[PDB]
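**Q** When the letters of the sequence shown are read in order and numbered with the deposited numbering, they come out as residues 5 to 90, 95 to 189. Every residue gets a Cβ at the ideal spot worked out from N, C-alpha and C, and that includes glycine. Quick one: the structure is below, and I'll ask about it shortly.
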Amino acid sequence: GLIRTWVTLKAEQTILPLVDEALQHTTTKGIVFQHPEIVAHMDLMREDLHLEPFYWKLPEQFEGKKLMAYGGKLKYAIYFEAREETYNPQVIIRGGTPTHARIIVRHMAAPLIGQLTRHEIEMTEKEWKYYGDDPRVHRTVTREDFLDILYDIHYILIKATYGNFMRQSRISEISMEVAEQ
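Right, dumping it as structure tokens:
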């Protein structure tokens, strides 16, 4: 076909949970919609603030048989405020048939404080790395592994916690390219 589509959030889904890297817990207590940005404010989550760093767990429509995504472009905009401005992975994906379930990460430059910054992440092996490998290692994910993750995505996470002592964090414009025929 060559029918370029984008998965995005349902207009109705106006809230996006926070999670630790572990996905051991989830928080909503401090998250609110303020069109278009979706906002997590720390002061409404003080009870939970040790479980940091936090990631946004994208909703199920990004998960699953997503082989067609391999074209490219995971897109989203990020904004945040913290006391000062300075390792942790920008985005995190897990997926696979049990025999090949594995976790990979994408590292990027920390976004600036106060400046809404945009990310577009190419959905291909060449730039991702392996969870558990220090970011300074020059190994990247094999095409083969990558594709086996896409074959069934378990979850995609995007960094919510930034700088030092963070006040609030906003994410918007969330989309990922797929394909139809």
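(1) Determine the closest residue to residue 126 out of 52, 58 and 180, with distance taken between C-alpha atoms.
(2) Can the beta-carbon of residue 85 be found closer than 8 Å to that of residue 176?
(3) Let's test the definition: count the other Cβ atoms within 10 Å of the Cβ of residue 7 and tell me whether it reaches 16, buried, or not, exposed.
(4) Since residue 165 is in the beta strand (DSSP E), which residue starts that stretch and which ends it?
(5) With 16 other CB atoms within 10 Å as the buried threshold, where does residue 76 fall?
(6) Assign residue 19 to one of three DSSP states: helix, strand, or coil.
(7) So, residue 160 versus residue 69, is the Cβ gap smaller than 8 Å?
(8) Find the nearest neighbour of residue 94 within the set 35, 168 and 18, judged by alpha-carbon distance.
(9) Can you check whether the CB of residue 103 is closer than 8 Å to the CB of residue 157?
(10) Kindly indicate which three-state DSSP category residue 38 falls into: helix, strand or coil?
(11) At which residues does the beta strand (DSSP E) containing residue 110 begin and terminate?
(12) Does residue 182 come out as helix, strand or coil in the three-state DSSP assignment?
**A** In this structure, then:
(1) 180
(2) yes
(3) exposed
(4) 161-167
(5) exposed
(6) coil
(7) yes
(8) Along the chain, the last residue before the gap is 90 and the first after it is 95, so residue 94 carries no coordinates.
(9) yes
(10) strand
(11) 110-114
(12) strand
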